[PDB]
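Before any comments, here is the structure.
In structure tokens:
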């Protein structure tokens with residue numbers, strides 16, 4: 003948060019999340035299986051280690 | 004929280020881009036420091052010009068000219084050393100969305116916005132250190148430390164005017180550290196000779212129309228505790244030149260055959276650095292100088308026959 | 162001296178929130194200008210630190 | 002004289018490399034079809050055919 | 153005569169886009185062309201052309 | 204950079220070439236007849252409204 007040309011609005015930054023999920027879902031299955039850890043939680047994190 | 008659990012990729016602006024002012028190029032310092040993008044080959048770039056003949060005009064004896072010794076015209080050679088820089092490998096965290104290309108959490112997405120500022124800082128610091136070293140080697144240094152506190156209101160600047168002589172009009176930028184600036188403010192805020200008012204205690208100039216540009220470069224700070232020294236240097240037009248070689252580079256690997264995916268990132272680039280009227284002693288120094296090598300005197304030979312043609316004066320205050 | 166902190170990036174300091182008594186002491190010091198920094202008209206300046214209110 | 006001056010020798014990068022020593026243009030067609038070059042993807046490490054002896 | 157080509161998705165292998173006069177313009181574009189040499193025999197070869 | 208001061212449309216440009224931020228002098232694009240502009244020629248369409 004500096005007086006710089008690349009300052010991004012705090013609201014748009016939060017929206018980037020939903021934007022990223024929407025783009026990830028639209029583009030297809032392969033990216034969803036690349037972000038598996040995000041979308042599908044591991045059934046056992048103890049095993050995930 | 005997003006730390007080690009990574010709830011929202013949403014990048015953050017308070018990524019602490021840098022901590023020192025680095026916008027001191029081209030119009031920022033009235034063309035005292037030039038940052039162009041012009042690549043060149045090799046590890047050097049020398050330009051040869053005609054030297055000023057010393058005894059061009061001579062007294063004459065028309066009654067008996069007798070013999071007159073012959074004279075030849077020479078060709079001095081400047082220099083522009085090429086400096087190499089790089090970035091140590093950075094272990095990209097597994098939470099980074101490098102595969103995604105929708106401006107997400109890519110490896111270079113965060114390191115790039117940090118690295119722009121850090122590259123600016125490198126160029127500025129190397130330029131300032133090289134300028135200080137060259138001006139010291141050329142004999143254009145004035146040290147004001149035994150006169151009381153060490154820094155005066157503007158009498159210190161008048162000393163550098165004395166050093167540079169009658170052509171001192173061409174000096175119009177004073178790059179200095181923050182501590183000398185605040186000492187100058189304190190001296191203004193308690194004036195022994197009453198030449199200030201409340202409205203004019205915050206003037207950035209030096210009573211000659213030369214703005215004082217403030218940076219916290221570690222090149223301008225020497226010593227510590229009582230041996231603290233601050234180097235403020237006055238630059239002429241195009242005193243310090245920094246030409247980029249437009250040779251940026253990057254690469255991203257992963258943790259192959261590792262317990263965790265230790266993704267890494269390296270970057271390497273280069274630029275040409277040449278101060279006005281001085282030549283880097285490549286034979287005495289190295290092919291790709293270190294920051295210490297640039298800062299070391301006797302690696303900077305004075306080419307011009309007059310100090311006035313060389314651009315810059317170093318002032319040292321405690 | 163406070164502005165000495167923050168180094169070069171100290172111009173971004175904007176506001177000096179303070180108690181009344183320090184301001185009144187500042188007024189008293191301004192009225193007692195041994196240094197020649199004020200006249201009668203410009204002695205009640207609220208903003209003092211280089212344009213900082 | 003030329004000693005006072007600094008001589009700067011011209012240089013260039015021809016961005017070309019010597020290709021090969023022996024002749025390989027004969028590899029197909031040039032030798033009346035004696036040696037033929039095809040483009041066939043073959044699995045395994047072998048290819049067998051028959052003609053009923 | 154002008155000849156309209158057809159280039160597969162797998163053959164286009166380079167394209168560079170910049171601003172020329174401040175507009176999205178295509179500067180570089182490289183694609184692959186594939187031919188079968190006219191030798192004297194009956195064999196088939198795949199001579200390759202890059203534009 | 205699109206800016207609007209005193210009812211005038213101003214514009215800049217920042218370019219990044221190997222870790223450097225360039226800046227262009229402020230310019231005011233003008234209409235064909237002249238008279239500059241009074242608004243920023245940028246519209247943000249969205250699902251709800253512009």
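Protein chains in written order, with the deposited numbering: chain A, 3 to 51; chain B, 4 to 321; chain C, 162 to 214; chain D, 2 to 54; chain E, 153 to 203; chain F, 204 to 253.
Yeah, the Cβ is synthetic: ideal placement off N, Cα and C, and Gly gets one too.
Give me the Cβ distance between residue i and residue j, rounded to the nearest whole Å; I'm assuming they're in contact under 8 angstroms.
i                      : j                      : result
residue 136 of chain B : residue 303 of chain B : 6 angstroms
residue 128 of chain B : residue 222 of chain B : 5 angstroms
residue 248 of chain B : residue 273 of chain B : 5 angstroms
residue 260 of chain B : residue 266 of chain B : Wrong, their Cβ atoms sit about 14 angstroms apart, outside the cutoff.
residue 314 of chain B : residue 238 of chain B : 6 angstroms
residue 199 of chain C : residue 191 of chain C : 6 angstroms
residue 103 of chain B : residue 33 of chain A  : 7 angstroms
residue 318 of chain B : residue 244 of chain B : Actually they are not in contact, since the Cβ atoms of residue 318 of chain B and residue 244 of chain B sit about 21 angstroms apart, beyond 8 angstroms.
residue 42 of chain B  : residue 250 of chain B : 6 angstroms
Sort the options by Cα distance to residue i and report the nearest one.
i                      : options                       : result
residue 203 of chain C : C:188, C:175 and C:213        : C:188
residue 164 of chain C : B:76, B:77, B:184 and B:306   : B:184
residue 186 of chain B : B:58, B:42, B:320 and B:33    : B:320
residue 100 of chain B : B:56, B:86, B:6 and B:12      : B:12
residue 331 of chain B : B:143, B:154, B:156 and B:157 : Outside the modelled stretch of chain B, which goes from 4 to 321, sits residue 331 of chain B, for which no answer is possible.
residue 84 of chain B  : B:241, B:207 and B:133        : B:133
residue 22 of chain B  : B:104, B:119, B:219 and B:64  : B:219
residue 180 of chain C : C:212, C:207 and C:166        : C:207
residue 7 of chain D   : B:80, B:95, B:296 and B:73    : B:80
residue 218 of chain F : F:212, F:230, F:211 and F:204 : F:204
residue 221 of chain F : B:57, B:118, B:86 and B:194   : B:118
residue 73 of chain B  : B:56, B:109, B:172 and B:306  : B:56
residue 14 of chain D  : B:40, B:310, B:44 and B:215   : B:44
residue 113 of chain B : B:18, B:60, B:195 and B:76    : B:18
residue 311 of chain B : B:173, B:148 and B:26         : B:173
residue 223 of chain F : B:106, B:108 and B:125        : B:125
residue 197 of chain C : B:70, B:279, B:197 and B:36   : B:197
residue 187 of chain E : E:176, E:172, E:195 and E:200 : E:200
residue 287 of chain B : B:297, B:279, B:278 and B:280 : B:297
residue 241 of chain B : B:34, B:226 and B:27          : B:34
residue 264 of chain B : B:236, B:256 and B:9          : B:256
residue 60 of chain B  : B:141, B:71 and B:213         : B:71
residue 185 of chain E : E:154, E:161 and E:169        : E:161
residue 82 of chain B  : B:301, B:284 and B:289        : B:284
residue 107 of chain B : A:47, A:43 and A:26           : A:26
residue 299 of chain B : B:86, B:140, B:279 and B:307  : B:140
residue 18 of chain A  : B:10, B:147 and B:291         : B:10
residue 155 of chain B : B:120, B:176 and B:194        : B:194
Report the partner residues of residue i according to the DSSP bridge assignment.
i                      : result
residue 3 of chain D   : Bridge partners of residue 3 of chain D: none, in fact.
residue 213 of chain C : C:210
residue 244 of chain B : B:37 and B:277
residue 51 of chain B  : B:80
residue 176 of chain E : E:171
residue 145 of chain B : B:318
residue 85 of chain B  : B:275
residue 212 of chain F : F:207
residue 90 of chain B  : B:270
residue 230 of chain F : F:214
residue 95 of chain B  : B:266
residue 253 of chain B : B:270
residue 27 of chain B  : Beta-bridge pairing links residue 27 of chain B to no other residue.
residue 250 of chain F : For residue 250 of chain F, which the question treats as bridged, DSSP gives no partner whatsoever.
In terms of residues, what are the limits of the alpha helix (DSSP H) holding residue i?
i                      : result
residue 320 of chain B : Per DSSP, residue 320 of chain B belongs to no alpha helix (DSSP H); it is in the beta strand (DSSP E), 316 to 320.
residue 67 of chain B  : Neither: residue 67 of chain B is in no alpha helix (DSSP H) and is coded neither H nor E.
residue 187 of chain C : 181 to 192
residue 31 of chain A  : 31 to 36
residue 126 of chain B : 110 to 140
residue 160 of chain B : 158 to 167
residue 49 of chain A  : 47 to 50
Could you pull the start and end residues of the beta strand (DSSP E) that residue i belongs to?
i                      : result
residue 166 of chain E : 166 to 171
residue 235 of chain B : 232 to 238
residue 217 of chain F : Note, residue 217 of chain F: premise wrong, no beta strand (DSSP E); not H, not E.
residue 303 of chain B : 303 to 305
residue 202 of chain E : 199 to 202
residue 184 of chain E : 184 to 187
Quick check on residue i - is its C-beta less than 8 angstroms from some C-beta in chain H?
i                      : result
residue 188 of chain C : Absent from the structure is chain H; the protein chains it does hold are A, B, C, D, E and F.
Would you check whether the ligand ADP has a heavy atom nearer than 7 angstroms to the C-beta of residue i?
i                      : result
residue 164 of chain C : This structure lacks the ligand ADP; in fact it carries no ligand of any kind.
> Which whole runs of the beta strand (DSSP E) in the segment 257 to 298 of chain B are 3 residues long or more, in chain order?
Replying inline: 267 to 278 and 281 to 283
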